[PDB]
**Q** 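Below is the structure I would like to discuss, written out as structure tokens.
Hydrogens, waters and symmetry mates play no part in the numbers below; they use all other heavy atoms, side chains included. Position 1 is the first residue of the sequence; numbering continues from there.
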Amino acid sequence: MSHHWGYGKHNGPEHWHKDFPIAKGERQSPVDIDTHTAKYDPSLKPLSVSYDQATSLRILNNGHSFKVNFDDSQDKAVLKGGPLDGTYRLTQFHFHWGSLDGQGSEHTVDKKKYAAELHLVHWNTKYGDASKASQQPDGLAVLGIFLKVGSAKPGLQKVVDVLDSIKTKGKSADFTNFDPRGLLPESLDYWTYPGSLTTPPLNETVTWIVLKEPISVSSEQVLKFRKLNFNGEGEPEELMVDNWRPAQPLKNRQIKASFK
Ligand SMILES: NS(=O)(=O)c1ccc(CN(Cc2cccc(OCC(=O)O)c2)S(=O)(=O)c2cccnc2)cc1
Ligand SMILES: NS(=O)(=O)c1ccc(CN(Cc2cccc(OCC(=O)O)c2)S(=O)(=O)c2cccnc2)cc1
Ligand SMILES: [Zn+2]
């Protein structure tokens, strides 16, 4: 009720704890991934990203990011294996990005920030709906993918080309027949750890799976992200940039690697 959090000096991550006290919890995300500390875990099962029957629906500017939602009324696009027990259904993806190419990711790798980070958000079907799942310690799984600026990502272009139609907060557009497989890198090598949502309400209910291999996107593609607005239509223009939470304390957690 009456959410006024954001990313600016006056409502940004340093303020969130006053309305969402779990912001100072033991299981917060994102984190810095120390690649030297992370240990290879031979017990991790193979990771299964099964998106061939994904049904995208709409794309929306929610004033924080832009989000593509999926039909998750049946097992159509699911994530299994790796650190996960059972089946997690894809519900939405969104991005976090920066004002400059050297910042924008939420996770960091040996303190390196990437230009942006893609989050593919899934819920554990044992809890029946995403609302219930969002409140369970093993309820959600987010697949995080770094974006670096270099060559264009062809599977991103359809996203880039619709953003002019959802410039301001509250705008949505049809976004059917989008294949999220076009957003993945070649390798599914990953790091995993238990964490949280990276925006309010910051629930500590996420298994994070962060792919090691970034995707390359073009400077032109990420420039289009930076033309979005945080504000609504006929409010003063504030560019939607730097919509990322910085790294939070690791506390008593181990980051596991799927690879040697
Ligand atoms: N959840 S939280 O703990 O992080 C939290 C909750 C409330 C606030 C307070 N703000 C009041 C306000 C009142 C009317 C509209 C608002 O939003 C506008 C906008 O989106 O910019 C914000 S504020 O300091 O006036 C403000 C205005 C504009 C930009 N940053 C901050 C700060 C932090
Ligand atoms: N950056 S991140 O990847 O860590 C991330 C991912 C997802 C979210 C959104 N929440 C969780 C959620 C994930 C999917 C579906 C959900 O619907 C049920 C619900 O209302 O909880 C919930 S949420 O704040 O609970 C929410 C969702 C939709 C509308 N309003 C609230 C925030 C941050
Ligand atoms: Zn996110």
Side-chain angles (χ1 to χ4, degrees), residues 6-7 30 49 51-72 76-77 90-107 112-122 142-188 198-199 210-233 235 237-245:
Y7 292 94
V49 182
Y51 291 173
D52 98 276
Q53 295 292 299
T55 300
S56 62
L57 295 173
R58 295 193 59 88
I59 191 170
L60 163 72
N61 177 340
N62 63 18
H64 303 297
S65 184
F66 69 85
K67 178 181 65 174
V68 174
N69 72 305
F70 290 77
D71 178 6
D72 58 356
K76 280 188 168 194
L90 176 66
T91 188
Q92 56 110 318
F93 69 75
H94 62 274
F95 296 82
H96 307 264
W97 61 88
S99 53
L100 299 172
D101 293 346
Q103 66 197 63
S105 68
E106 298 211 303
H107 296 88
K112 177 184 173 68
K113 295 161 172 166
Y114 288 87
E117 188 174 329
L118 166 60
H119 289 162
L120 295 134
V121 183
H122 315 71
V142 183
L143 181 60
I145 303 177
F146 298 118
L147 281 62
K148 68 181 279 188
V149 171
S151 61
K153 189 71 163 178
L156 183 57
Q157 190 63 30
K158 276 167 91 185
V159 174
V160 164
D161 280 336
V162 81
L163 293 182
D164 274 336
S165 75
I166 60 156
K167 183 176 159 204
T168 54
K169 179 182 182 184
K171 296 205 152 302
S172 68
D174 188 276
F175 208 66
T176 52
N177 302 293
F178 178 76
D179 187 349
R181 294 179 298 179
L183 297 177
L184 309 181
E186 283 181 1
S187 182
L188 293 181
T198 72
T199 61
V210 177
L211 297 189
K212 173 160 167 185
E213 185 173 6
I215 63 167
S216 289
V217 303
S218 67
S219 178
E220 291 84 359
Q221 290 179 316
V222 65
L223 279 166
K224 283 177 177 179
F225 290 11
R226 300 187 186 121
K227 292 189 66 204
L228 292 166
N229 288 183
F230 283 130
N231 55 275
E233 195 177 3
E235 286 174 359
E237 188 173 40
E238 294 290 350
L239 295 180
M240 185 181 283
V241 292
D242 292 318
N243 58 346
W244 48 279
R245 190 192 195 189

**Q** I need the minimum non-hydrogen distance between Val149 and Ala115, along with the two atoms involved.
**A** CG2-CB, 3.9 Å

**Q** Could you report the tightest heavy-atom contact between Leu183 and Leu118, atom names first, then the distance?
**A**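 Heavy-atom minimum between the residues: CB-CD2, 3.6 Å.
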
**Q** For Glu238 and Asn231, test the side chains for any donor-to-acceptor distance below 3.5 angstrom and give the result as yes or no.
**A** no

**Q** In the structure I gave you, are the side-chain heavy atoms of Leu188 and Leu211 within less than 4.5 Å of one another anywhere?
**A** yes

**Q** Should the heavy atoms of other residues, nucleotides or ligands under 6.0 Å from CG of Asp52 be counted, would the total exceed 12?
**A**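 More than 12 within 6.0 Å, yes.
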
**Q** Does any non-hydrogen side-chain atom of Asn243 lie less than 4.5 Å from one of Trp97?
**A**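 A side-chain contact under 4.5 Å exists here.
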
**Q** Are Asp174 and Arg58 close enough, and set up right, to give a side chain to side chain contact (heavy atoms under 4.5 Å, CB included), and what steps lead you there?
**A** CA-CA 5 Å; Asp174 188 276; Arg58 295 193 59 88; 4.1 Å; yes

**Q** Where the side chain of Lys153 meets the backbone of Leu184, is there a donor-acceptor pair that is under 3.5 Å apart?
**A** yes

**Q** Measuring from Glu237:CD to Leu228:CG, what's the distance to the nearest 0.5 Å?
**A**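 Answer for the CD-CG pair, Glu237 versus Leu228, is 10.0 Å.
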
**Q** Can you tell me how far CG of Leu147 sits from OG of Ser218, rounded to the nearest 0.5 angstrom?
**A**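 So the OG of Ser218 and the CG of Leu147 are separated by 10.5 Å.
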
**Q** How about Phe70 and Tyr51: are their ring centroids closer than 6.0 Å?
**A**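 Judged by ring-centre distance (under 6.0 Å), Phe70 and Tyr51 do not meet the cut-off.
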
**Q** With rounding to the nearest 0.5 angstrom, report the CZ to CG distance, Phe175 to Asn69.
**A** 11.0 Å

**Q** Does a side-chain heavy-atom distance below 4.5 Å link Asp72 with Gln92?
**A** no

**Q** My understanding is that only residues two or more places apart in sequence, or in another chain, count here; which of them pass side chain to side chain donor-acceptor pair (under 3.5 Å) with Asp164?
**A** none

**Q** With side chains defined as the heavy atoms from C-beta onward, is the minimum distance between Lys227 and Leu163 less than 4.5 Å?
**A** no

**Q** Could you tell me which non-hydrogen atom of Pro180 sits nearest to which non-hydrogen atom of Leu90, and how far apart they are?
**A** CG-CD2, 4.3 Å

**Q** Step by step, work out the side chain to side chain contact (heavy atoms under 4.5 Å, CB included) result for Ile145 and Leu120.
**A** CA-CA 8 Å; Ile145 303 177; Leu120 295 134; 3.8 Å; yes

**Q** In the structure I gave you, are the side-chain heavy atoms of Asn229 and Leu239 within less than 4.5 Å of one another anywhere?
**A**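 The answer is yes, as the side chains (C-beta and beyond) meet within the 4.5 Å cut-off.
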
**Q** Here's a test for you: under side chain to side chain donor-acceptor pair (under 3.5 Å), which of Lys113, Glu117, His96 qualifies with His107?
**A**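 For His107, the side chain to side chain donor-acceptor pair (under 3.5 Å) check succeeds only for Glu117.
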
**Q** So, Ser99 and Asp242: side-chain donor and acceptor under 3.5 Å apart, yes or no?
**A**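 Judged by distance alone, the side chains do pair up.
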
**Q** Output yes when a side-chain donor or acceptor of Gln221 lies under 3.5 Å from a complementary backbone atom of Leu156, and no otherwise.
**A** no

**Q** Hey, could you give me the CZ/NZ distance between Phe95 and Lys67, rounded to the nearest 0.5 Å?
**A**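 Result: 14.0 Å between the selected atoms.
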
**Q** State which residues pass side chain to side chain donor-acceptor pair (under 3.5 Å) with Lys112; sequence neighbours excluded, sorted by chain then number.
**A**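 Partners of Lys112 by the side chain to side chain donor-acceptor pair (under 3.5 Å) criterion come out as none, since no residue qualifies.
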
**Q** Considering residues, nucleotides and ligands other than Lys76, do more than 12 of their heavy atoms fall under 6.0 Å from its NZ?
**A** yes

**Q** Just checking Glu186: does its CD atom have more than 12 heavy atoms from other residues, nucleotides or ligands closer to it than 6.0 angstrom?
**A**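 Count not over threshold, so no.
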
**Q** Quick one: does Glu235's side chain get under 4.5 Å of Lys169's, heavy atoms only?
**A**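 When only atoms from C-beta onward are counted, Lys169 and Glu235 do not touch, as no gap falls below 4.5 Å.
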
**Q** Would the distance check show the side chain of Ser56 and the main-chain N or O of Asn177 forming a donor-acceptor pair, the cut-off being under 3.5 Å?
**A** yes

**Q** Quick one: does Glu220's side chain get under 4.5 Å of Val160's, heavy atoms only?
**A**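 No - every pair of side-chain heavy atoms lies 4.5 Å or more apart.
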
**Q** Apply side chain to side chain contact (heavy atoms under 4.5 Å, CB included) to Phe178 and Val162, showing your working.
**A** CA-CA 12 Å; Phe178 178 76; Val162 81; over 6 Å; no

**Q** Mind listing the closest non-hydrogen atom pair of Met240 and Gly63 along with its distance?
**A** CE-C, 3.7 Å

**Q** Within this structure, what is the OG1-OH distance for the pair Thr199 and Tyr7, rounded to the nearest 0.5 Å?
**A** 5.5 Å

**Q** Determine whether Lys224 and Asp161 satisfy the following criterion, side chain to side chain contact (heavy atoms under 4.5 Å, CB included), listing intermediate values before the conclusion.
**A** CA-CA 8 Å; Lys224 283 177 177 179; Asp161 280 336; 3.8 Å; yes

**Q** Roughly how far apart are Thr168 OG1 and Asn61 CG, rounded to 0.5 Å?
**A** 6.5 Å

**Q** Quick one: closest heavy-atom pair of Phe230 and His64, and the distance?
**A**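 Heavy-atom minimum between the residues: CE2-O, 4.0 Å.
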
**Q** Is there side-chain contact between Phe146 and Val210, with heavy atoms separated by less than 4.5 Å?
**A** yes

**Q** With distance as the sole test, does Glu213 use its side chain to make a donor-acceptor pair with the main-chain N or O of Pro185 at under 3.5 Å?
**A** no

